[PDB]
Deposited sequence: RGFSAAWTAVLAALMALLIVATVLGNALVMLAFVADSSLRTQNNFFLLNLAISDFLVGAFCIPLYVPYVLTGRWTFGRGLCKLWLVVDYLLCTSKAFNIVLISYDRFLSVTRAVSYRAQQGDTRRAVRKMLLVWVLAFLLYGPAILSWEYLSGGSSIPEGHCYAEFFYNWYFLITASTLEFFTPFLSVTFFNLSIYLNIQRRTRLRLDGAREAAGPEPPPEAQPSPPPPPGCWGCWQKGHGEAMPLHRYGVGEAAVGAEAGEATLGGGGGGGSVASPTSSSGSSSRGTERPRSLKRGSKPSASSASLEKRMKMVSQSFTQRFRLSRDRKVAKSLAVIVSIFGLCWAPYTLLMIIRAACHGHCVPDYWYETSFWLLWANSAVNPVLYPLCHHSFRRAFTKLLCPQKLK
């Protein structure tokens, strides 16, 4: 595979900008947690979790792959192939499973608002939910990557390249694809729909002067939380859906109807999401607009 000198020079330039953008963007997000201790909230920690994954896609996953698309050869031994594979499959399903968790936390904040108020500053509870997520994420692809070769009596991946030993196993790929896509997509759809109905109901609720007046202010806040969640959920959906959907389709036509370069394009769209998130946090959240101010332009006092 690979590319002529002229094409590698244009792609390397572009691959590099994406690296710098992803790395700087998520370092800046992590440094804002340092600057502002008001970001010590469960919701905020769930976003910090997304920024860590994103940092690693930039610092680790894109960089090791660059030389491999450009030249067609993995030059790092199968050992480092397995580690890079584990980490790329891990950061994918972790981002997905963390969007689920963020969506749940937002659903509880609108639908269970008074119970959520007491729990919100509990970051120990938050950090333990994110850890469980890292283990659940690992479990889906982690062991299969590390163990398939010995279960199958040796590798079917020539020493040239770097693929999951299950990557032309359609049976494994259909059940991993459908879980990887539907678990997150149906859970996330449900929470967001359920936030919409909750707000619509309370909006059509008939209350007296102070209760009504207290709850249109609380609905203004819920409506904002719902936009915030829709925007990030949508932009993730549109970065992640092509790759998740194409895998389901590759596995169900046994690799005969999906060209390699379709799914390889989709990698960059999914990895590009890691550059985008850093910009969405302050677009969509006060708490992040506040933190970035405390860090970059604290002159606002």
How would you list, in order, the spans of the deposited sequence that the model does not cover?
216-320, 407
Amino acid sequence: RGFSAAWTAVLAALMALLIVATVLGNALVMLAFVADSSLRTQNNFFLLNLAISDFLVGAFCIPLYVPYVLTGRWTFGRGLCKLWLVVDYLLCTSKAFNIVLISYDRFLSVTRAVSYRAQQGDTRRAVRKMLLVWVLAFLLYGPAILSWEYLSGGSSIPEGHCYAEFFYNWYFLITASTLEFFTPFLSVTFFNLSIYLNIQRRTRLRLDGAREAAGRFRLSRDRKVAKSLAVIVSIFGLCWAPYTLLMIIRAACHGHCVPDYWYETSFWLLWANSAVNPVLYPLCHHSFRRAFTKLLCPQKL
From here on, numbers count along this sequence of modelled residues.
Using only C-alpha atoms and the B-factors in the entry, which stretch averages higher, 253-261 or 38-46?
253-261
Residue stretch of maximal mean CA temperature factor, 193-201 vs 124-132
124-132
Given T175, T93, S109, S103, identify the residue with the highest C-alpha B factor in the PDB entry.
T175
Options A213, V225, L85, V188 - largest CA temperature factor per the record:
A213
Entry-reported C-alpha B-factor of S155 relative to its chain, by third, is highest
What third of its chain's C-alpha B-factors does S220 belong to: lowest, middle or highest?
highest
Going by what the PDB entry lists, where does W148 fall on CA B-factor within its chain: lowest, middle or highest third?
highest
CA B-factor placement of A118, once the chain's modelled residues are sorted into thirds
highest
Among the chain's modelled residues, which third holds the C-alpha B-factor of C81?
middle
